[PDB]
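Peer 1: Chains as they are written, first to last, in our numbering: chain A, 1 to 105; chain B, 106 to 208; chain C, 209 to 290; chain D, 291 to 372; chain E, 373 to 470; chain F, 471 to 567; chain G, 568 to 662; chain H, 663 to 758.
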Amino acid sequence: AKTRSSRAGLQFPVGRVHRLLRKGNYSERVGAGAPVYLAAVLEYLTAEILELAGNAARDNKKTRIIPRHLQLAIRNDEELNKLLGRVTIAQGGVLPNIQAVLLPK
Amino acid sequence: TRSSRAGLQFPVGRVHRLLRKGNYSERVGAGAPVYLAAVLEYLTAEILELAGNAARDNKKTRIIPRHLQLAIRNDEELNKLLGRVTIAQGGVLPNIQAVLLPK
Amino acid sequence: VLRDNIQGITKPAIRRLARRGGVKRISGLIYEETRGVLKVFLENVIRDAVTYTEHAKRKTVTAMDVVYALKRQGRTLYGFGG
Amino acid sequence: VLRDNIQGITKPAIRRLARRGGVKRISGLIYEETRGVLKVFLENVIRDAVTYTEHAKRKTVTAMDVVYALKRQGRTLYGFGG
Amino acid sequence: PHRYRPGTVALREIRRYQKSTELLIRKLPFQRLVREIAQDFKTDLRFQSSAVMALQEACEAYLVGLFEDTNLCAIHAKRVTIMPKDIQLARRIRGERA
Amino acid sequence: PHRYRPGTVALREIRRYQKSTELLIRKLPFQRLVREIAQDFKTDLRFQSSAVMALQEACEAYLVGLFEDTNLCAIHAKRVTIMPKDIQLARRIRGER
Amino acid sequence: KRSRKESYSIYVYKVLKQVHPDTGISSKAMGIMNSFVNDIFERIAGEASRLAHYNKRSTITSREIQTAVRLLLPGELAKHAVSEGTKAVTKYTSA
Amino acid sequence: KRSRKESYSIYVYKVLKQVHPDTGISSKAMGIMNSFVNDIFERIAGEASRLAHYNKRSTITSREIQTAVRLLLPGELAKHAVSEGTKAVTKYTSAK
DNA sequence: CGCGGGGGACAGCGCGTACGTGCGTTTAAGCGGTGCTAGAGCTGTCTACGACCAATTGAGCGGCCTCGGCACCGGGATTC
DNA sequence: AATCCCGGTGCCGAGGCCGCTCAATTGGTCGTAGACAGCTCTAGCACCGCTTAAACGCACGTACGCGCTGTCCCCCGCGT
Numbered sequence: 001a002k003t004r005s006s007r008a009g010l011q012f013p014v015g016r017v018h019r020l021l022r023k024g025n026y027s028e029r030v031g032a033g034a035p036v037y038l039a040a041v042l043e044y045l046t047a048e049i050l051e052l053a054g055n056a057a058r059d060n061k062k063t064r065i066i067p068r069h070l071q072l073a074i075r076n077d078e079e080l081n082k083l084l085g086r087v088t089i090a091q092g093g094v095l096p097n098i099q100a101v102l103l104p105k
Numbered sequence: 106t107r108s109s110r111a112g113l114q115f116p117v118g119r120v121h122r123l124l125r126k127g128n129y130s131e132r133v134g135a136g137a138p139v140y141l142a143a144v145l146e147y148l149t150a151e152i153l154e155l156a157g158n159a160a161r162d163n164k165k166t167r168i169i170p171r172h173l174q175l176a177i178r179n180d181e182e183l184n185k186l187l188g189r190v191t192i193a194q195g196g197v198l199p200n201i202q203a204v205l206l207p208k
Numbered sequence: 209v210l211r212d213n214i215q216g217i218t219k220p221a222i223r224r225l226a227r228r229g230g231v232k233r234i235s236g237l238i239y240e241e242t243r244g245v246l247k248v249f250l251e252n253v254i255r256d257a258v259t260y261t262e263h264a265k266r267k268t269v270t271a272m273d274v275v276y277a278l279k280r281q282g283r284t285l286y287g288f289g290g
Numbered sequence: 291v292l293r294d295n296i297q298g299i300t301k302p303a304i305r306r307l308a309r310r311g312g313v314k315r316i317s318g319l320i321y322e323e324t325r326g327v328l329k330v331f332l333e334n335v336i337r338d339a340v341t342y343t344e345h346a347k348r349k350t351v352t353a354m355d356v357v358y359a360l361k362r363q364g365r366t367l368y369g370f371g372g
Numbered sequence: 373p374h375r376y377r378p379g380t381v382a383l384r385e386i387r388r389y390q391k392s393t394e395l396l397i398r399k400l401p402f403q404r405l406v407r408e409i410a411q412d413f414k415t416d417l418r419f420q421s422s423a424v425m426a427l428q429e430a431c432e433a434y435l436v437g438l439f440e441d442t443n444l445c446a447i448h449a450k451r452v453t454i455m456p457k458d459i460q461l462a463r464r465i466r467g468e469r470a
Numbered sequence: 471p472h473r474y475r476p477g478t479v480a481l482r483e484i485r486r487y488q489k490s491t492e493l494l495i496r497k498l499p500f501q502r503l504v505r506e507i508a509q510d511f512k513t514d515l516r517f518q519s520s521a522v523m524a525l526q527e528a529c530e531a532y533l534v535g536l537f538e539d540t541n542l543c544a545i546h547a548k549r550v551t552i553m554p555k556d557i558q559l560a561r562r563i564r565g566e567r
Numbered sequence: 568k569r570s571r572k573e574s575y576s577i578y579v580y581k582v583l584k585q586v587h588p589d590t591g592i593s594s595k596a597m598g599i600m601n602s603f604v605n606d607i608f609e610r611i612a613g614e615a616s617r618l619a620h621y622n623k624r625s626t627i628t629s630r631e632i633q634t635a636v637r638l639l640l641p642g643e644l645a646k647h648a649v650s651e652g653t654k655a656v657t658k659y660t661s662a
Numbered sequence: 663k664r665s666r667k668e669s670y671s672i673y674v675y676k677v678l679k680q681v682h683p684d685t686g687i688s689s690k691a692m693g694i695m696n697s698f699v700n701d702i703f704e705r706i707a708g709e710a711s712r713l714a715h716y717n718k719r720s721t722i723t724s725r726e727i728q729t730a731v732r733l734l735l736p737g738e739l740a741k742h743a744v745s746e747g748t749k750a751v752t753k754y755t756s757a758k
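(1) Where DSSP assigns a beta bridge to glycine 591 (chain G), which residues make up the other side?
(2) Applying a beta-carbon distance threshold of less than 9 Å, which residues of chain H neighbour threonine 284 (chain C)?
(3) Is it the case that the segment 25-35 of chain A contacts the segment 541-560 of chain F, given that we only count it when at least three CB pairs across the two stretches are under 8 Å?
(4) Given that a residue counts as buried once 16 or more other Cβ atoms are within 10 Å of its Cβ, and exposed if not, what is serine 724 (chain H)?
(5) So what does DSSP say about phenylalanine 419 (chain E), is it helix, strand or coil?
(6) Quick one: which residues of the segment 477-490 of chain F get their C-beta closer than 9 Å to a C-beta of chain A? List them in chain order.
(7) Could you name the residues of the segment 148-167 of chain B whose beta carbon sits closer than 9 Å to any beta carbon of chain E, in the order they occur along the chain?
(8) Identify whether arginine 86 (chain A) lies in helix, strand or coil by the three-state DSSP scheme.
(9) Which residues does DSSP list as the beta-bridge partners of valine 133 (chain B)?
(10) Using a 10 Å radius around the Cβ and a threshold of 16 neighbouring Cβ atoms, would you call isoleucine 577 (chain G) buried or exposed?
(11) Do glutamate 394 (chain E) and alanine 193 (chain B) come within 9 Å of each other at the CB atom, strictly closer than that value?
(12) Based on the DSSP secondary-structure assignment, which residues constitute the bridge partners of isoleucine 706 (chain H)?
(13) Should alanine 8 (chain A) be flagged as near chain D, meaning a C-beta pair shorter than 9 Å?
(14) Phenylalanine 517 (chain F) and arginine 502 (chain F) - do their beta-carbons sit closer together than 9 Å?
(15) Note the first and the last residue of the continuous beta strand (DSSP E) segment covering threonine 284 (chain C).
(16) Determine the burial state of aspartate 684 (chain H): buried for a count of at least 16 other Cβ atoms within 10 Å of its Cβ, exposed for fewer.
(17) For chain H, is any of its Cβ atoms less than 9 Å away from the one on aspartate 338 (chain D)?
(18) Would you say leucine 427 (chain E) and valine 274 (chain C) are within 9 Å of each other, going by their C-beta atoms?
(19) Determine the chain A residues that contact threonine 590 (chain G) at a beta-carbon separation under 9 Å, and present them in chain order.
(20) Taking buried to mean at least 16 other C-beta atoms within 10 Å of its own C-beta, is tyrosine 376 (chain E) buried or exposed?
(21) Distance, Cα to Cα, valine 424 (chain E) vs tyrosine 434 (chain E)?
(22) Is residue 638 (chain F) close to chain E, meaning its C-beta is less than 9 Å from at least one C-beta of that chain?
(23) Report the rounded CA-to-CA distance for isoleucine 687 (chain H) versus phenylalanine 12 (chain A), giving the unit in angstroms.
(24) For the segment 412-427 of chain E, enumerate the residues whose C-beta is nearer than 8 Å to any C-beta of chain C, in chain order.
(25) Would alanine 156 (chain B) pass as a contact of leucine 175 (chain B) if the rule is Cβ separation under 9 Å?
(26) Check for me: the alpha helix (DSSP H) holding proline 554 (chain F) runs from which residue to which?
(27) For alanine 303 (chain D), count neighbouring C-beta atoms within 10 Å of its own C-beta (all shown protein chains included) and say buried if the count is 16 or more, exposed if not.
(28) Would you kindly work out how many angstroms separate the C-alpha atoms of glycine 326 (chain D) and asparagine 252 (chain C), rounded to a whole number?
(29) At the 9 Å Cβ level, is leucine 444 (chain E) part of the contact set with chain B, yes or no?
(30) Taking DSSP's pairing of strands, which residues face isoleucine 316 (chain D) in a bridge?
(31) Is it a yes or a no for the segment 568-583 of chain G touching the segment 132-142 of chain B, going by three-plus beta-carbon pairs under 8 Å?
(32) Can you tell me where the alpha helix (DSSP H) holding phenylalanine 115 (chain B) begins and where it ends?
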């Protein structure tokens, strides 16, 4: 185990995150555990979105995740929709939602 | 002092200290604290003028928070700058919707 | 124990706030609706303020914790330490 | 010269945008109103994008200038950098 | 006796409360509500008096502004009376409600 | 011959354009509008083609979300048709004015 | 030979292959995921910077990142993110 | 004992004496001006910090403060503030 | 861009009632005065943790090609 | 009628490998930020009672919500 990612059991790069934290003027000093924690959190959120986006692609008979699948995934999940509430997903569209009073009686 | 050399009442030295202490960039130019301290002095300025007017309109000689609120919310550009700001003990502007008035 | 305290935000208190907001006539169902909204507002604000206090390893919530939380939510407040 | 370009945003185009928003029926005065809205929106964003472009000592507005500007207004955009 | 037409004292109160800046909710009921809500997040907590004052200043300003938008929604429906539907429309547009 | 009742094709168009992600404004008229607005800020400006596409993605998204709030304003007034007063109420509440 | 432009694409591909080994991703979708990672990076790191400043600390440690996740993420998302981060720090410290 | 907390209170007073020598200010209103100055400080400095990173520069010069004022402040307020900034910078460098 | 007609906007009216107004009754907020200690804030020592510098090493990117997921479609299945 | 799901085809971007390099890692010194225990001194909590302004509750009717209708035209559909 030479990499800091293997040492933490992560797929996300602990070394690169530690670099960006230092080259970012966030504080004078960056602890050794901070990049590890962050890369894991970044990895968890990444998995959470790709899980719901791969499901959306499968519902649309697609093997590839296109931006609409990310939009359907985020806007259908309550917490993902809140985390990206002030975010615009390019080529994502909107959720199908027609108001009731517009329906014919 | 650097304030007198620039002709300012606001402290150029303190602003230069805070700019470096605040982790905004590696280095801070010599003109940046002067420029920033002048803008701060000008906005502080703009509020005190309109708030001192409000105090005089309300027959006061001392500015209370309501005078600052009246100044900002009646000035279009100051109201936009502090659009997401709450002035403590400021109240609101007197404004009744028309349809609520008796005819 | 403490229970039902939201009702302490009384009907005339809500009326005074509506008057300052320029409201002339108020439905009867408004008052309970306003109690739920104020609860959510305080919930979102106090939750962030407590998270700030916990990180400071304190048992007393400071006005700065409230100010920092209001700034988080995009409702900046002047006059308490901003 | 270039003049009246805002009319390039046509009536059927504004109609299609309203459909994706779930709008069923559209008044006749909406189209000129929507043009004024879009122009105000474009003015505010392009103003900041140019301000970034000028600071970089460039004559070409990059997509990063727009992305930085959209993030300035609180309308962050994914898929073009940043 | 004597009786003003319905709506006259409402207007006198609007002019009155838009002239002043003092808080409109009684301080102690608001304070006990804050402690109850805070306890559901962390037990055994103390509050600075200024922290509660900061919370009350922010909440009342939030409520006053929300009543302004609510009033505009009722006027939009050709109505003088505000209703929960007006508040729900206001919060929906504000992005608070979904 | 055949005629749908008014509202049928409108509902049909809502479902269609809520399924797709393509831009709904024609590219050339939008680009001419961007160059004119920017020209009234600074003369002799060139645009990366992606800079115009970035401006169009955001504008259409802004107007789509604005028409969503506008639609809710109309329904609150027991109406089905959106009107300029619905847009102005939305932008006022949004803090845009 | 065009300029080196870094991205998170290789790691997004890896995580996607763990969670959906047969599923792919397009150019635009990868650009949004790259913008998502950068956005949340800046949000957490920015909140951590403010926390250190509020407490007169010159250091951003994993404790600052943890509280930043608690203030930023909604409920269940923060809960799992906190455990997945503490799990990685514990491993990194021992080895 | 004693503890020391800095504020812009003395400079706001000096500035208040310019426009309104016959008018004072309360402590609450003084705390709002302190919040106002701090808030506007953070917004300009944060915008200037992003300007430098966007253009791959390590320094925040007056040109970054100048551009930050034009992005933040609205129209006439910005024109006026740029006048203050350039004037004070000129008077400062002409008094080295 | 025009054509043609359908239903939605809007205005007028009327009914039904909810909310404003007033008074008498009732409740607790506000006041200021006193007493208690918890906890914040100041203080004082020691040292662990991170910067900072240098030298070695592979993790990560551009550049590369092939290959398959899927955009494209013309026919048949279905559902308003 | 218009829209959908299906089986065939087809092409270009995914997803993979080639190999170079530069960012990460390693081994190491120096000092300081901040942990920690010690100390004091503010203000937060508690509790009480004299005062009374505010809140509560009910009675009355007034004028506003909304339900109905009726008309007139402003959008929707559709062919060119």
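All C-beta atoms, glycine included, are put in the ideal place defined by N, C-alpha and C.
Peer 2: According to the structure shown:
(1) BP columns for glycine 591 (chain G) point to A:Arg64.
(2) Simply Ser697 and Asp701.
(3) They do not touch, by the three-pair rule.
(4) buried
(5) strand
(6) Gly477, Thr478, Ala480, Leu481, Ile484, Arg485, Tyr487, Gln488, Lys489 and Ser490
(7) none
(8) Correct three-state label for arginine 86 (chain A): coil.
(9) H:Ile722
(10) exposed
(11) Cβ atoms of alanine 193 (chain B) and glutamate 394 (chain E): not closer than 9 Å.
(12) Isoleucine 706 (chain H) pairs with nothing; no bridge assigned.
(13) no
(14) No, these two residues do not count as a Cβ contact at 9 Å.
(15) 284-286
(16) It counts as exposed.
(17) yes
(18) yes
(19) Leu50, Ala53, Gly54, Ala57, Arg58, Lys62, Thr63, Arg64 and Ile65
(20) exposed
(21) 15 Å
(22) Nothing can be reported for residue 638 (chain F), as the shown portion of chain F is limited to 471 through 567.
(23) 55 Å
(24) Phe413, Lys414, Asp416, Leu417, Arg418, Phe419, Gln420, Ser422, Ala423, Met425, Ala426 and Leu427
(25) yes
(26) 554-564
(27) Per the 10 Å Cβ criterion, buried.
(28) 36 Å
(29) yes
(30) DSSP output for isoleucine 316 (chain D) lists F:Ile552 as bridge partner(s).
(31) With the cut-off at 8 Å, the segment 568-583 of chain G and the segment 132-142 of chain B do not touch.
(32) Counting along the chain, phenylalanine 115 (chain B) falls outside any alpha helix (DSSP H), and DSSP gives it neither H nor E.
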